[PDB]
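Shown next as structure tokens: one chain only, the form deposited without the ligand.
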């Protein structure tokens, strides 16, 4: 039922967008066709956890009529959800190019589609981000919360890009970070710290994936200040670290057929939670071997790293992390429940879609 409406508003947004191109940007049928397929492939097919969370938070918070408010709040909530989903899609397009990924949810990455050029794809991602602004101005022009909704959505958008910078520079010794001088992979790996990993992940995932759907849902239902923000943020940061940690773990141990891609972070020499947790507990013998084998397509060198990760019980460390998170999450949600029982419950519902996710 949340799914049924979400999906109608998708059609609504697409129609306004594609038509506005036809009417005011002199676009031809062919490019409109190009763009409708780009939009569908890039924005549809996922679980819509971010987008659906807005609707769910908005519904929860209604309690504070023909049902005319209800109809308007829930429709705004779907628009907002699509804003966050189109933001994800923009990033996905750019991130797959940047991470030189091959597939995503069983389909070739967008820039790997037979008829999509690498150059057109960069600009396709840019289109996605702009559509967020376009749809928002179309639906919300006469909303009092406009300026505040967009101010936060743009801060979150920026935080995610800062996060991407962290991620994409966490393999070179930062003291040697310099545009005007060539530089290779950190052969010492001394920056692969839990501390630095938590920073990468807070900024690249947690803000847009966990804080923004909560905050947007609150805004459209006009309940932003009914909620302890500090505790809400603690939650989002914590749920968002765990999610990313899950992404990292699944990237190594989850079979392609369930992951939607032949996972590569090892290959990519990525600063993952597995890398860093391994490096901190690991012996000198283990560490040298790992250094000898991380960041290489060779099937046996990446399977060495996998044996090492197993040897060192990273799977059990994960069970231990997940358990700490769950209790930290339980305690925070109850502090929320005191004054925000409707909201705590929608966060619960978000935690449910996250904790031990199959994805």
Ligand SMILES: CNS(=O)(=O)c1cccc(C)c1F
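Positions refer to the first chain, counted from 1. For the two forms, the rigid core is made up of the largest set of C-alpha atoms that agree within 1.5 Å on superposition.
What follows is about the form deposited with the ligand bound, which we do not show.
Peer 1: Indicate whether residue 143 is a 4.5 Å heavy atom neighbour of the ligand in the deposited complex.
Peer 2: No, residue 143 stays farther than 4.5 Å from the ligand in the deposited complex.
Peer 1: Please check if residue 223 has a heavy atom lying within 4.5 Å of any heavy atom of the ligand in the deposited complex.
Peer 2: Although the ligand is absent here, residue 223 would stay clear of it in the deposited complex, with no heavy atoms inside 4.5 Å.
Peer 1: So in the deposited complex, does any heavy atom of residue 159 sit within 4.5 Å of the ligand?
Peer 2: Output for residue 159 is yes: heavy atoms within 4.5 Å of the ligand.
Peer 1: Using a 4.5 Å heavy atom cut-off, state whether residue 113 contacts the ligand in the deposited complex.
Peer 2: Answer no; every heavy atom of residue 113 is more than 4.5 Å from the ligand in the deposited complex.
Peer 1: Can you pick out, from 131, 278, 207, 192, the residue that has a heavy atom within 4.5 Å of the ligand in the deposited complex?
Peer 2: Exactly one listed residue reaches within 4.5 Å, namely 207.
Peer 1: Report the residue, out of 135, 238, 211, 73, that has at least one non-hydrogen atom within 4.5 angstroms of the ligand in the deposited complex.
Peer 2: So the residue touching the ligand in the deposited complex, by this definition, is 211.
Peer 1: With the partner left out here, if you bring back the ligand in the deposited complex, are 152, 155 and 233 all within 4.5 Å of it by some heavy atom?
Peer 2: Result yes, every residue of the spot touches the ligand.
Peer 1: Note that the ligand is not shown here; using its position in the deposited complex, name the residues of 268 to 294 with a heavy atom within 4.5 Å of it, in sequence order.
Peer 2: Contacting residues: none.
Peer 1: In a superposition on the rigid core, which residue from 218, 93, 275, 239 has a CA displacement reaching 2 Å or more between this form and the one not shown?
Peer 2: Among the listed residues, the outlier is 93.
Peer 1: Is the shift of residue 348 between this form and the one not shown large enough to count as movement, that is, does its C-alpha move by 2 Å or more after the core is superposed?
Peer 2: No, its C-alpha moves less than 2 Å.
Peer 1: Please check if residue 118 moves between this form and the one not shown, taking a CA shift of 2 Å or more relative to the superposed core as movement.
Peer 2: The answer is yes, as the C-alpha of residue 118 shifts between this form and the one not shown by 2 Å or more after core alignment.
Peer 1: Would the C-alpha of residue 329 be classed as shifted by 2 Å or more between this form and the one not shown after rigid-core alignment?
Peer 2: Comparing the forms between this form and the one not shown, which are aligned on their rigid core, residue 329 does not shift its C-alpha by 2 Å or more.
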